[PDB]
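Q: Next comes target-v3.pdb, PDB, C-alpha atoms and all ligand atoms:
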ATOM      1  CA  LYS A  45     125.343 -91.649   8.826
ATOM      2  CA  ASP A  46     128.426 -91.575   6.817
ATOM      3  CA  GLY A  47     127.868 -90.844   3.136
ATOM      4  CA  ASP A  48     124.803 -91.091   1.111
ATOM      5  CA  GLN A  49     125.928 -88.409  -1.342
ATOM      6  CA  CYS A  50     122.229 -88.292  -2.197
ATOM      7  CA  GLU A  51     121.454 -85.431   0.127
ATOM      8  CA  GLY A  52     119.744 -82.569  -1.547
ATOM      9  CA  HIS A  53     118.016 -84.501  -4.247
ATOM     10  CA  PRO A  54     120.772 -84.056  -6.792
ATOM     11  CA  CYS A  55     119.556 -85.982  -9.770
ATOM     12  CA  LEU A  56     116.643 -84.604 -11.704
ATOM     13  CA  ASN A  57     113.573 -86.304 -13.258
ATOM     14  CA  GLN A  58     113.187 -89.107 -10.805
ATOM     15  CA  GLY A  59     116.763 -89.979 -11.446
ATOM     16  CA  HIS A  60     117.946 -92.415  -8.936
ATOM     17  CA  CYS A  61     121.299 -91.971  -7.263
ATOM     18  CA  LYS A  62     123.661 -94.590  -5.810
ATOM     19  CA  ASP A  63     126.730 -93.887  -3.686
ATOM     20  CA  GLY A  64     130.518 -93.762  -3.942
ATOM     21  CA  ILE A  65     133.748 -92.671  -2.355
ATOM     22  CA  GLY A  66     133.749 -89.661  -4.470
ATOM     23  CA  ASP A  67     130.442 -88.275  -5.644
ATOM     24  CA  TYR A  68     127.522 -90.586  -6.209
ATOM     25  CA  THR A  69     126.339 -91.561  -9.684
ATOM     26  CA  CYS A  70     123.096 -90.629 -11.399
ATOM     27  CA  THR A  71     120.875 -93.264 -12.989
ATOM     28  CA  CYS A  72     118.379 -91.767 -15.442
ATOM     29  CA  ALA A  73     115.133 -93.549 -15.838
ATOM     30  CA  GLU A  74     114.375 -94.908 -19.257
ATOM     31  CA  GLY A  75     113.892 -91.714 -21.221
ATOM     32  CA  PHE A  76     116.158 -89.252 -19.444
ATOM     33  CA  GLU A  77     119.762 -88.275 -19.642
ATOM     34  CA  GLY A  78     121.995 -85.199 -19.317
ATOM     35  CA  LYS A  79     124.337 -84.486 -16.449
ATOM     36  CA  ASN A  80     121.440 -84.851 -14.074
ATOM     37  CA  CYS A  81     119.376 -87.340 -16.012
ATOM     38  CA  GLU A  82     117.934 -84.028 -16.948
ATOM     39  CA  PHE A  83     116.901 -84.474 -20.480
ATOM     40  CA  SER A  84     113.928 -86.284 -21.842
ATOM     41  CA  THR A  85     115.277 -87.992 -24.949
ATOM     42  CA  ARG A  86     111.749 -88.058 -26.265
TER
HETATM   43  O     O B   1     127.016 -95.818  -2.351
END
In structure tokens, how does this file's structure come out?
Ligand SMILES: [O-]
A:
Amino acid sequence: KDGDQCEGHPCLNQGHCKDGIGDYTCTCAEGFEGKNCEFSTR
């Protein structure tokens, strides 16, 4: 276990989360955005 940076469910609204050497990145599902994939555009 080295670095999944996805510990502690960080993204919101079923936002997926990849990995990186400095903070992961959030991927909002179609219809969400915001710093956390928080916001439902609709
Ligand atoms: O990653």
Q: Please report the interatomic distance between atom CA of residue 64 of chain A and atom CA of residue 52 of chain A in Å with one decimal.
A: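 That distance, rounded to one decimal, is 15.7 Å.
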Q: Run the PyMOL selection byres (((not hetatm)) within 12 of (chain B and resi 1)) on the file and write out the hits as JSON, numbers by chain.
A: {"A": [46, 47, 48, 49, 50, 60, 61, 62, 63, 64, 65, 66, 67, 68, 69, 70]}
Q: In Å, how far is it from atom CA of residue 72 of chain A to atom CA of residue 59 of chain A?
A: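 Atom-to-atom, atom CA of residue 72 of chain A and atom CA of residue 59 of chain A are spaced 4.7 Å apart.
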Q: Could you list as a list in words every residue that has an atom within 10 Å of (120.0, -89.8, -15.8), using the file's coordinates and counting only C-alpha atoms?
A: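 In the file's frame, the residues around the point are residues 55, 56, 57, 58, 59, 60, 61, 69, 70, 71, 72, 73, 74, 75, 76, 77, 78, 79, 80, 81, 82, 83 and 84 of chain A.
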Q: Since the input lacks some atoms of segment 46-81 of chain A, please model N, CA and C atoms and print them as a tab-separated table (two decimals), in the frame of the given file.
A:
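Result went into rebuild-v9.tsv, see below:
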chain	number	residue	atom	x	y	z
A	46	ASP	N	127.07	-91.91	7.20
A	46	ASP	CA	128.43	-91.58	6.82
A	46	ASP	C	128.44	-90.88	5.41
A	47	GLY	N	127.70	-91.44	4.44
A	47	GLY	CA	127.87	-90.84	3.14
A	47	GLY	C	126.84	-91.38	2.23
A	48	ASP	N	125.78	-90.60	2.07
A	48	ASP	CA	124.80	-91.09	1.11
A	48	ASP	C	124.93	-90.26	-0.23
A	49	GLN	N	125.68	-89.18	-0.14
A	49	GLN	CA	125.93	-88.41	-1.34
A	49	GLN	C	124.60	-88.18	-2.10
A	50	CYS	N	123.49	-88.59	-1.46
A	50	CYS	CA	122.23	-88.29	-2.20
A	50	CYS	C	121.48	-87.21	-1.42
A	51	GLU	N	122.20	-86.49	-0.57
A	51	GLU	CA	121.45	-85.43	0.13
A	51	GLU	C	121.18	-84.27	-0.83
A	52	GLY	N	120.00	-83.69	-0.67
A	52	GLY	CA	119.74	-82.57	-1.55
A	52	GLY	C	119.41	-83.07	-2.94
A	53	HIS	N	118.51	-84.04	-2.95
A	53	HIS	CA	118.02	-84.50	-4.25
A	53	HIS	C	118.82	-83.90	-5.40
A	54	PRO	N	119.84	-84.61	-5.83
A	54	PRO	CA	120.77	-84.06	-6.79
A	54	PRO	C	120.35	-84.40	-8.20
A	55	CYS	N	119.93	-85.65	-8.40
A	55	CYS	CA	119.56	-85.98	-9.77
A	55	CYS	C	118.16	-85.43	-10.09
A	56	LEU	N	117.97	-85.14	-11.36
A	56	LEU	CA	116.64	-84.60	-11.70
A	56	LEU	C	115.76	-85.69	-12.32
A	57	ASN	N	114.49	-85.32	-12.54
A	57	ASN	CA	113.57	-86.30	-13.26
A	57	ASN	C	113.68	-87.71	-12.66
A	58	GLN	N	113.25	-87.81	-11.39
A	58	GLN	CA	113.19	-89.11	-10.80
A	58	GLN	C	114.45	-89.90	-11.07
A	59	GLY	N	115.58	-89.18	-11.26
A	59	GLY	CA	116.76	-89.98	-11.45
A	59	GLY	C	117.23	-90.53	-10.12
A	60	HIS	N	117.50	-91.80	-10.16
A	60	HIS	CA	117.95	-92.42	-8.94
A	60	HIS	C	119.43	-92.06	-8.70
A	61	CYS	N	119.91	-92.35	-7.50
A	61	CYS	CA	121.30	-91.97	-7.26
A	61	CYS	C	121.96	-92.98	-6.29
A	62	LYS	N	123.06	-93.59	-6.74
A	62	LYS	CA	123.66	-94.59	-5.81
A	62	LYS	C	124.67	-93.88	-4.90
A	63	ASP	N	125.80	-94.55	-4.61
A	63	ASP	CA	126.73	-93.89	-3.69
A	63	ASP	C	128.19	-94.22	-4.10
A	64	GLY	N	129.14	-93.39	-3.61
A	64	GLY	CA	130.52	-93.76	-3.94
A	64	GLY	C	131.50	-92.96	-3.07
A	65	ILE	N	132.76	-93.34	-3.22
A	65	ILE	CA	133.75	-92.67	-2.36
A	65	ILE	C	134.24	-91.43	-3.06
A	66	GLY	N	133.36	-90.90	-3.83
A	66	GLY	CA	133.75	-89.66	-4.47
A	66	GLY	C	132.64	-89.24	-5.41
A	67	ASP	N	131.63	-88.64	-4.79
A	67	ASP	CA	130.44	-88.28	-5.64
A	67	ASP	C	129.64	-89.56	-5.98
A	68	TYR	N	128.32	-89.42	-5.88
A	68	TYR	CA	127.52	-90.59	-6.21
A	68	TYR	C	127.43	-90.74	-7.75
A	69	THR	N	126.51	-91.55	-8.22
A	69	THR	CA	126.34	-91.56	-9.68
A	69	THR	C	124.87	-91.49	-10.02
A	70	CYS	N	124.56	-90.78	-11.11
A	70	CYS	CA	123.10	-90.63	-11.40
A	70	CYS	C	122.62	-91.78	-12.30
A	71	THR	N	121.40	-92.22	-12.07
A	71	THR	CA	120.88	-93.26	-12.99
A	71	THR	C	119.56	-92.75	-13.60
A	72	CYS	N	119.62	-92.40	-14.88
A	72	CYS	CA	118.38	-91.77	-15.44
A	72	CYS	C	117.35	-92.85	-15.77
A	73	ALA	N	116.09	-92.55	-15.50
A	73	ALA	CA	115.13	-93.55	-15.84
A	73	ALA	C	115.06	-93.70	-17.36
A	74	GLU	N	114.45	-94.80	-17.82
A	74	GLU	CA	114.38	-94.91	-19.26
A	74	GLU	C	113.73	-93.64	-19.83
A	75	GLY	N	114.54	-92.88	-20.62
A	75	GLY	CA	113.89	-91.71	-21.22
A	75	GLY	C	114.43	-90.40	-20.65
A	76	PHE	N	115.57	-90.52	-19.90
A	76	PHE	CA	116.16	-89.25	-19.44
A	76	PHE	C	117.65	-89.33	-19.52
A	77	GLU	N	118.29	-88.19	-19.67
A	77	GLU	CA	119.76	-88.28	-19.64
A	77	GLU	C	120.34	-86.91	-19.21
A	78	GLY	N	121.52	-86.54	-19.75
A	78	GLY	CA	122.00	-85.20	-19.32
A	78	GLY	C	122.80	-85.37	-18.03
A	79	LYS	N	123.47	-84.31	-17.66
A	79	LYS	CA	124.34	-84.49	-16.45
A	79	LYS	C	123.49	-84.93	-15.26
A	80	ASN	N	122.25	-84.50	-15.26
A	80	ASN	CA	121.44	-84.85	-14.07
A	80	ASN	C	120.39	-85.91	-14.41
A	81	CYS	N	120.58	-86.63	-15.50
A	81	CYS	CA	119.38	-87.34	-16.01
A	81	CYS	C	118.34	-86.28	-16.33
